[PDB]
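Here are the chains, one letter per residue:
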Amino acid sequence: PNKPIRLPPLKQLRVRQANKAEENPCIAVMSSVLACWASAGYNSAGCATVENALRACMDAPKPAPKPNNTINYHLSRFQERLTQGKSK
Amino acid sequence: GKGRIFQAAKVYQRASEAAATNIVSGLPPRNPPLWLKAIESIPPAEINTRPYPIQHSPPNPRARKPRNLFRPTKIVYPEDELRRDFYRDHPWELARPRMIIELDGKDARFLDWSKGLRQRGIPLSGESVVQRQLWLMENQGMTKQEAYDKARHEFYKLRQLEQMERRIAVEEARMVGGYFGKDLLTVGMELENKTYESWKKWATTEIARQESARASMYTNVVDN
Amino acid sequence: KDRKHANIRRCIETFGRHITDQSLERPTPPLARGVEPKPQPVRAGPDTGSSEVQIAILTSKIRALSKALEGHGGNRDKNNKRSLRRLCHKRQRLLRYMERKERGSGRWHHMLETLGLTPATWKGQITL
Amino acid sequence: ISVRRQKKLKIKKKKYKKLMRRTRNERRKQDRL
Amino acid sequence: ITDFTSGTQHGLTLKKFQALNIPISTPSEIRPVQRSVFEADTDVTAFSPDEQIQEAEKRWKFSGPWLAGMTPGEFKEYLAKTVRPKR
Amino acid sequence: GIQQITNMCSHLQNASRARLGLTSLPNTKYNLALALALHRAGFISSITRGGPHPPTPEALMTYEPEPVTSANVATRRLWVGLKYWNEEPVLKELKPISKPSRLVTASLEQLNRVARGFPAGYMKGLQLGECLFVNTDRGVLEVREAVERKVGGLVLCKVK
RNA sequence: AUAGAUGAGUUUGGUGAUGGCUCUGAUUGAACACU
RNA sequence: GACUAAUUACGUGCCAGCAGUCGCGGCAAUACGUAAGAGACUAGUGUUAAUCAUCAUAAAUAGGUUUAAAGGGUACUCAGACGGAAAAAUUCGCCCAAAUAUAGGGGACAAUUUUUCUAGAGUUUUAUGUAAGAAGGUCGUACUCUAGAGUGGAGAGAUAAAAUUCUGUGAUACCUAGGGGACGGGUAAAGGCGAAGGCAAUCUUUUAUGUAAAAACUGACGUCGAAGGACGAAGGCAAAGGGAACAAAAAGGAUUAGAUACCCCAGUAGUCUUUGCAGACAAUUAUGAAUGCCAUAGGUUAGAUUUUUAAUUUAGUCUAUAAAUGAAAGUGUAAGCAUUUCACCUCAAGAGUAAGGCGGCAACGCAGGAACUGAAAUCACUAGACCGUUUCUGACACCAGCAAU
RNA sequence: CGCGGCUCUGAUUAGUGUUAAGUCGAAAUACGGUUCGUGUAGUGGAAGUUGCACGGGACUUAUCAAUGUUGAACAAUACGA
Ligand SMILES: [K+]
Ligand SMILES: [K+]
Ligand SMILES: [K+]
Ligand SMILES: [K+]
Ligand SMILES: [K+]
Ligand SMILES: [K+]
Ligand SMILES: [K+]
Ligand SMILES: [K+]
Ligand SMILES: [K+]
Ligand SMILES: [Mg+2]
Ligand SMILES: [Mg+2]
Ligand SMILES: [Mg+2]
Ligand SMILES: [Mg+2]
Ligand SMILES: [Mg+2]
Ligand SMILES: [Mg+2]
Ligand SMILES: [Mg+2]
Ligand SMILES: [Mg+2]
Ligand SMILES: [Mg+2]
Ligand SMILES: [Mg+2]
Ligand SMILES: [Mg+2]
Ligand SMILES: [Mg+2]
Ligand SMILES: [Mg+2]
Ligand SMILES: [Mg+2]
Ligand SMILES: [Mg+2]
Ligand SMILES: [Mg+2]
Ligand SMILES: [Mg+2]
Ligand SMILES: [Mg+2]
Ligand SMILES: [Mg+2]
Ligand SMILES: [Mg+2]
Ligand SMILES: [Mg+2]
Ligand SMILES: [Mg+2]
Ligand SMILES: [Mg+2]
Ligand SMILES: [Mg+2]
Ligand SMILES: [Mg+2]
Ligand SMILES: [Mg+2]
Ligand SMILES: [Mg+2]
Ligand SMILES: [Mg+2]
Ligand SMILES: [Mg+2]
Ligand SMILES: [Mg+2]
Ligand SMILES: [Mg+2]
Ligand SMILES: [Mg+2]
Ligand SMILES: [Mg+2]
Ligand SMILES: [Mg+2]
Ligand SMILES: [Mg+2]
Ligand SMILES: [Mg+2]
Ligand SMILES: [Mg+2]
Ligand SMILES: [Mg+2]
Ligand SMILES: [Mg+2]
Ligand SMILES: [Mg+2]
Ligand SMILES: [Mg+2]
Ligand SMILES: [Mg+2]
Ligand SMILES: [Mg+2]
Ligand SMILES: [Mg+2]
Ligand SMILES: [Mg+2]
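In the PDB archive, cryo-EM is given as the structure determination method for this entry, at a resolution of 2.85 Å.

Going by the annotation in the PDB entry, the name recorded for chain F is 40S ribosomal protein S8, with Neurospora crassa OR74A given as the source organism. You can read under Subunit in the UniProt record for chain F the words "Component of the mitochondrial small ribosomal subunit (mt-SSU). Mature N.crassa 74S mitochondrial ribosomes consist of a small (37S) and a large (54S) subunit. The 37S small subunit contains a 16S ribosomal RNA (16S mt-rRNA) and 32 different proteins. The 54S large subunit contains a 23S rRNA (23S mt-rRNA) and 42 different proteins."

Right, dumping it as structure tokens:
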């Protein structure tokens, strides 16, 4: 097995999405509710608990976003030293 | 050619010509720059010329079309072979910190390896054995192995006294009311405790992730 | 391949200049005007590079290949029609050089009669 | 040659190829194949 | 840049070991007899061609490899490039 | 043949373009004839026959080259010292005139005309700094050395 | 025979090239128009 | 008007007209016509036609072909051109040096020739590695047909959605047992091989080069190469086989303003085998082959050496640069510096067309104009705009809600 | 007199050049809305379009689930943004 190549000269060395764009934590809860209605029915009693969990989602506040990741700043410092150059 | 035209080596020639005559023909030239007469007799040095570099090792005689003639060569001494032998037989000798920072570059003025391993200005290290070995192997005509054993044995007897003095120096100090602080054996263990806890918290918080995600793997949300 | 390298030993043993110097009566070419024979250093090994050996080795390859192109399905091998043409043109050049170099020496006639090399093999143009 | 100019040769070669197919019969009658 | 790292993982492991105040003895087989490794009779590397076999066990530095430790590949390379041209 | 002189001219251009302090050439009497004229004209610094490795730089003139016999003639090479003054090579351009495809010969009256900067034949007049080397029966000479000796011959190359 | 070697207009939104065309010079065993 | 020295006024209004080139004229034209003035040559002055020069615009002196006209599909080769080291003979080429110079001189180089040399080119020493090629046999995944009145018993397949279509003569789905034809999953890589075209499952058989390291051997035996000959993708022609799958043609169903088409149900040549014909390709690196040479760095392929860790080195290949080179884009193992040789180019368009000829069963191939008509065709770059282009940023732009037309 | 060459002409017929103000489509240039071109074989009023192999003069236009570290205590006259 070979080793990682040395990147050619790029206009800019950076990652598109520095911070992980996490998903809405409740879109998974809704899928569970929609899963019960398919197996247990709509007006059934088994799905009475998952519905309460779904109603608990929107009543809770949205977590605040995290501070930006400084990865792109450090990638731009070591570009010329880590790759074959920088394109003009 | 992306590079620019640097004429730094011709500042005097260019400046002296511009100052020879006056732009207003018919008048004497003005006074030249103050630096023109300063470097009048200090021309630049030749640059960019590729000479035949110093050959620290004999070049390959069998080569008929040798390449890399204008490439600097590796510096190798007879001690390189000796250093590698010693430090491979004593790997933990590399754990003894050594200061390669120079003080005044005058260390080799007080080194007379005909006396022994203990010199002036340098510590007793694997380098002393290599220098003492090289001296015996060249002056007293000893062989690589014979000179190695001699300088090597002299080096052990000195290290033994250094370790025996730490223990005795601490033992006698307490016999006359001398107390000391914490030692590495104790300090080293406390640092492990503080680091072990950080792992325990991580494991305890990381195991809850698997057991929770594992139990929730099944779609038992119906609550039948 | 075993016979290929075994034939190479036969050519070096038959046409090897280290053997024909004593087997033939007049191996070397006749002397020129004023030229006199002087002793030269001995060979440090067998003669494997003379034009006689090379022409003999090429003859073995030309037969092994020309015999495969004539066998069953040999006409379907279109790529090796160049290889046969390339072996005959390599032998033509050595025969053409050895002809003028040896100036009709007994060592030149021994090669022709033994290998059956006729003028058609080097004189004109080999068209295949 | 750019693709823009090659399309000029492309049409000239197709018009000719198309003309010979069309007149192949009368060229065969006059013995001009 | 100067690719460097901390040297305390081994620098302090040496000081912590020497704090135990214990020598290093020769490996024993299983009468415990701890013999130092710096003895003049065992700790020797310069030998004479007249050196017989009974005294070859005391040494610790040999030029040849340990046949049992080599892999089937390293052993073939050894037989082909070290012992074959020494006939 | 003339092909070796043509290779010697293009090689010295590439060695001066690369600002090399030394350069090697195949060891032939023809290359030695042109090198001696370049050294005699002041375009190169030294000429020394040696092996595939350059001699000691400092002790270049006092270098003791071994005799050239059939046992080492294949490895001999001519080592040339190149000059660079005022951040410029002294041997910038070496343009050949006579080539393997055609050997250009000049007469004594054509060389007298080319020496003063007037075209004559396939040659052109010499300007300030340019030199012209002719291979005559008296050896490789500079055009002004040839007209003085009143001889013509084969024109080799024009040295800017 | 040692003074003898020259350009200009015109392709493009623009720039640099490529490449023709035309003009600038000299002339005719000339013709035509106005004289 | 500008090139090109020399201006206004009036008339005319894309008309009449001027014009060597670019152009001028559409109601306030220094460009047309008249008037005056001005700039020139002068017994001549303009115009037409022609020749040289302009035009390195057929380049011997002295050009060029990656992207602009221009590198042959390929390299083995006859003729031809060119091509090592150190000496010698001959010509007296070459030079003095001409006047088409009798007779001599000089000896570097040139021609024929001789003798030596080993740096080019080759041979031997089973290299390693390797989808060059060919022959005779196989393997396997899937597909397909047949059979088991198999199990099961009304759908299946298709598409964005449908329709044509398949199915109660039992389909799809799930199996068992036989037959057939092609194809070649992983490995797999900037990897390799051959002159190129091209070459990727497997066993045996068979074939020429090439690469590394050491020795030995021959002793310039070399490079290029018009022509002839050979090879040459896919499609195609001819004959005899094969026929599962795919699929020009022909035909049907949809979509659409219309739909030959793009999509779909099906489907013949053909693809495959053997033997010939055929010779055109973006047959590409838009870059002929070969030789000498010029500074580095990071990968990678096959070896070699070593203190086999890792370095060193030979031959390949790719990335990014220096000197330099280039119209620039870029290249930098070359599109640089030089050299050798072959092919090819000389404004656009007509045209790779016509006619005659040659080759071929045919399809077509090779070779190859002129007339008529133009002042432009053409290349790289720069900044914009545009995109049924990417990713962002503002706006009741949209979503949502209320009201309204 | 015959055969051949050449010149002129020929019912009928083909190609191409030029010409702003006609007509029918929308093939190319952006992913040009079916990638475009080369070759070859078909096909359609026309530009076009289909099969097969081939070229980039099209996709290098490429830009993190390795998520980024208690890398040796504390205090001294040592240390002091
Ligand atoms: K072109
Ligand atoms: K214009
Ligand atoms: K003479
Ligand atoms: K002579
Ligand atoms: K190919
Ligand atoms: K089908
Ligand atoms: K249809
Ligand atoms: K490399
Ligand atoms: K250039
Ligand atoms: Mg086959
Ligand atoms: Mg433009
Ligand atoms: Mg004017
Ligand atoms: Mg007029
Ligand atoms: Mg007027
Ligand atoms: Mg007069
Ligand atoms: Mg080509
Ligand atoms: Mg051809
Ligand atoms: Mg072609
Ligand atoms: Mg010899
Ligand atoms: Mg020899
Ligand atoms: Mg060789
Ligand atoms: Mg092998
Ligand atoms: Mg049934
Ligand atoms: Mg059934
Ligand atoms: Mg099968
Ligand atoms: Mg595969
Ligand atoms: Mg190869
Ligand atoms: Mg060749
Ligand atoms: Mg040919
Ligand atoms: Mg075919
Ligand atoms: Mg076929
Ligand atoms: Mg058939
Ligand atoms: Mg085929
Ligand atoms: Mg054929
Ligand atoms: Mg192809
Ligand atoms: Mg060629
Ligand atoms: Mg490759
Ligand atoms: Mg590059
Ligand atoms: Mg044309
Ligand atoms: Mg025509
Ligand atoms: Mg014709
Ligand atoms: Mg042609
Ligand atoms: Mg732009
Ligand atoms: Mg609104
Ligand atoms: Mg709304
Ligand atoms: Mg109303
Ligand atoms: Mg008519
Ligand atoms: Mg289209
Ligand atoms: Mg369109
Ligand atoms: Mg399209
Ligand atoms: Mg197509
Ligand atoms: Mg159809
Ligand atoms: Mg495109
Ligand atoms: Mg692109």
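Asks: I'd like to hear about the overall build of chain F, residue by residue, with values.
Replies: Counting secondary structure elements, chain F contains four helices and eight strands. Walking chain F from its N terminus toward its C terminus, one meets helices and strands in the order α-β-α-β-β-β-β-α-β-β-α-β. The C-alpha radius of gyration of chain F comes to 16 Å, within 12% of the 15 Å expected for a compact globule of 160 residues. Taken across its 160 residues, chain F has 45% of its residues classed as buried. At a minimum sequence separation of 6, the contacts of chain F that also span at least 24 residues come to 66%. Accessible surface, chain F: about 8,600 Å² in total, of which carbon and sulfur atoms supply 51%. Between the averaged position of the 21 positive side-chain charges in chain F and that of its 12 negative side-chain charges there is a distance of 7 Å.

Asks: Run through the protein's contact with RNA strand H, naming residues and quoting values.
Replies: Residues in contact with RNA strand H amount to 118 residues; listed here are only the nearest, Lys3(A), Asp77(C), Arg4(D), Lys12(D) and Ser101(F). In RNA strand H, atoms within 4 Å of the protein come from the sugar-phosphate backbone in 81% of cases. Measuring from a sugar or linking oxygen of RNA strand H, one finds a backbone N or O atom of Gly49(C) at 3.0 Å. At 3.4 Å, a side-chain N or O of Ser2(D) approaches a phosphate oxygen of RNA strand H. A total of 15 residues in the surface near RNA strand H trace back to one element, the largest contributor, which is helix α4 (residues 80–102) of chain C. For the surface near RNA strand H, the class distribution of residues is 33 nonpolar, 40 polar and 45 charged.

Asks: Any details on the environment of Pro63(A)? Residues and values, ideally.
Replies: All names here are of chain A. As for its placement among the helices and strands, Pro 63 is situated in the loop between α2 (48–59) and α3 (71–77). Taking the relative accessible area as the measure of exposure, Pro 63 reaches 70% and is therefore exposed. Note: C-alpha distance between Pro 63 and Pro 25 (38 residues apart in sequence) is 10.0 Å.

Asks: How would you explain the interface of chain E and chain B if you had to name every residue and give the values?
Replies: Taken residue by residue, the interface counts 18 residues in chain E and 17 residues in chain B. Buried area between chain E and chain B, summed over both chains or domains, comes out near 1,500 Å², and the portion from carbon and sulfur atoms is 64%. A per-residue breakdown of the area chain E buries against chain B is headed by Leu14(E), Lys16(E) and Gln18(E), which together make up 29% of the total. Viewed at the interface, chain B and chain E are joined by two salt bridges. Two residues, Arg152(B) and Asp43(E), come together in a salt bridge whose shortest N-O distance is 2.6 Å. The tally of links between chain E and chain B comes to six residue pairs in polar contact. By residue class, the composition of the side of chain E that touches chain B is eight nonpolar, six polar and four charged.

Asks: Describe the protein's contact with RNA strand I, and please don't skip the residues or the numbers.
Replies: Lining the immediate environment of RNA strand I, one finds 34 residues, of which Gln12(A), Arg16(A), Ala18(A), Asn69(A) and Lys7(D) sit closest. Considering RNA strand I, the proportion of its atoms within 4 Å of the protein that are sugar or phosphate atoms stands at 47%. Here a base oxygen of RNA strand I sits 2.6 Å away from a polar atom, N or O, in the side chain of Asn69(A). Between RNA strand I and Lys10(D), the relevant distance is 2.9 Å, taken from a phosphate oxygen to a side-chain nitrogen or oxygen of the residue. Put simply, the parts of the chain that give the surface near RNA strand I at least two residues each are α5 (184–215) of chain B, α1 (3–22) of chain D together with α1 (8–18) of chain E. With 11 residues, the single largest contributor to the surface near RNA strand I is α1(D). By residue class, the composition of the surface near RNA strand I is 10 nonpolar, nine polar and 15 charged.

Asks: Give me the sheet that holds strand β1 (residues 22–26) of chain F: which residues, what numbers.
Replies: Residues and elements named next belong to chain F. Strand order in this open sheet of three strands is β1-β3-β2, and the pairing throughout is antiparallel. Edge positions in the open sheet fall to β1 and β2 (44–50), since each of these has one partner strand only. Strand-to-strand, the axes of this sheet are offset by a mean angle of 25°, without reference to chain direction. Contacting β1 and β3 (77–82), helix α1 (residues 2–17) runs over the sheet at an angle of about 165° to β1. Sheet strands touched by helix α2 (residues 29–41): β1, β2 and β3. Its angle to β2, the strand with the most contacts, is close to 150°.

Basis of the calculations
Residues numbered from 1 in each chain as written, not as in the entry; some residues may be left out. Chains lettered and ligands numbered in written order. Part of a larger assembly, values for the part shown. Heavy atoms only, no water. UniProt positions renumbered as here; feature names shortened; annotations may be inferred. Helix = DSSP H or I, 4+ residues; strand = E, 2+ residues; numbered from the N terminus. Rg over C-alpha atoms; globule rule 2.2 N^0.38 Å. Buried < 20%, exposed > 50% of the residue type's maximum accessible area, 1.4 Å probe, protein only. Contact = heavy atoms within 4.5 Å. Areas by Shrake-Rupley, 256 points an atom, 1.4 Å probe, with all protein chains shown as cover. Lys, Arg positive; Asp, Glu negative; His and termini not counted. Charge placed at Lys NZ, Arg CZ, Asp CG, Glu CD. Near = heavy atom within 4 Å. Polar contact = N/O pair within 3.5 Å; in protein donor to acceptor, adjacent residues only side chain to side chain. Nonpolar A, V, L, I, M, F, W, Y, C, P; charged D, E, K, R; others polar. Buried area = accessible area lost by both parts, 1.4 Å probe. Salt bridge = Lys/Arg side-chain N within 4 Å of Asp/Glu carboxyl O. Pairing = 2+ DSSP bridges. Axes fitted to C-alpha atoms, helices over the stretch in contact; angles between N-to-C directions.

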